[PDB]
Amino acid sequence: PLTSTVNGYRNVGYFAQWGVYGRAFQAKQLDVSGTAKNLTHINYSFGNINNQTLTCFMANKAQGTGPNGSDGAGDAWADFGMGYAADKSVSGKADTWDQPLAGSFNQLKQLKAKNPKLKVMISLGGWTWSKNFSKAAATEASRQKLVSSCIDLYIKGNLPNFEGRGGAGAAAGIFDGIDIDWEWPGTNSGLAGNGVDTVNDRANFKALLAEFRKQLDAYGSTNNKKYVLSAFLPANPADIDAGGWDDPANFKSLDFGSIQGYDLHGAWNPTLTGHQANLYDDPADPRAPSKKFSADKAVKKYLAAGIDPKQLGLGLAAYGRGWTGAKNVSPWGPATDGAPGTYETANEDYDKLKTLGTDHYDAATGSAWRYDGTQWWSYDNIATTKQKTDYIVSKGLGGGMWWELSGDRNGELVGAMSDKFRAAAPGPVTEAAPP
């Protein structure tokens, strides 16, 4: 039977909702580049949770700033309203007036039509939209309401009327599951202002995941389909404990989860360069123990809990974090500020960093970086991707994950990983592909 794997391994890629604008990264590029053929799951980022109704919703309101910036924020236009010309679509045909579905939702639908093993998941939350998870998961009633609303909107595909698009079942069949990205339950390590209950978030979150599992299976039984549930797993052991992310019980609800293997350090500390995605602990890191992370440290914590490794995956970065005024080529050195970025400050795509200054790779820590005498960038390259994939295989994990697809448009890193998967012994994942 066809499985959503590459020789038994998952290769998950995040697709940014906002990437279709300035970055001009659309689903078509995944097709023509051959990258989609190397992916097993695409996480559409993101779906927001309404601050007033505590439910999944569809709106057209810009994300603002301040404590209320995410209230009611959404981009229905990018999601399903935006019309694609024949020379910009995956199918090669333009969106017609009669289509109830357009936007990236329809583009991904066209991509799935060319990749039978490919699944599309809706990622809820994210760093910017995690403010309302705590309240939404507070009671049995609130949890039931949230889950029901998300399945109705994304799984059943019932969209509201917007710009001549939308309607009941408009997005039917596109989403194969839900990915939960609450950053982070039971702790205030996430964005300041997020709802947080250090006492009950852990238990409420466990209950929330169980409700998602229950409702997804209930719906799947009515149409003979098997939906999956995943989540973005934290790397910080403190976050892991706070949310009960390493509680085996949660993996009776989640089919799998992809572990954060990036953003372990960054320009938010403008005077100290360092690794944002090191595979192993770095003896040279001079910071306090509570701030030192590594992908390996996180992976081992989940494995120590008895969580089935096939239900885990490791995330890699298709971008780098950089500093300017970096005095040394060696990591953990002085710098003056975050470096300029093409689209976002102190952040740059792998596609641009692969030719910036000179490349550096440290197999001992499983890290890579660019240095041009002034700017220092921490990122993942072919070398770290190959080493980390060997690690995924050697640890018996279920696969890899990428944040985010627009940074590696030719699928050089995604491909290096998939190539490794196809050459390795059969993976442990048997997850069925979409019908």
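Residues carry their position along the shown sequence, with the first being 1.
Comparing 371 to 379 with 65 to 73, the higher mean C-alpha B-factor in the PDB entry belongs to 65 to 73. As listed in the deposited structure, the average C-alpha B-factor of 74 to 82 and of 224 to 232 is greater for 224 to 232. Sorting 346, 113, 317, 178 by the CA temperature factor given in the entry leaves 113 at the top. Of the candidates 365, 290, 276, 273, the deposited coordinates give 290 the top C-alpha B factor. Sort the chain's modelled residues by C-alpha temperature factor and residue 16 lands in the lowest third, per the entry. In this PDB entry, the Cα temperature factor of residue 53 sits in the top third of its chain's modelled residues, the highest group. Annotation for residue 34: C-alpha temperature factor in the highest third relative to the rest of the modelled chain, per the entry. Among the modelled residues of its chain, residue 89 has a C-alpha B-factor that falls in the highest third, as given in the PDB entry. Remark: residue 423 belongs to the highest third of its chain, ranked by C-alpha B-factor as recorded.
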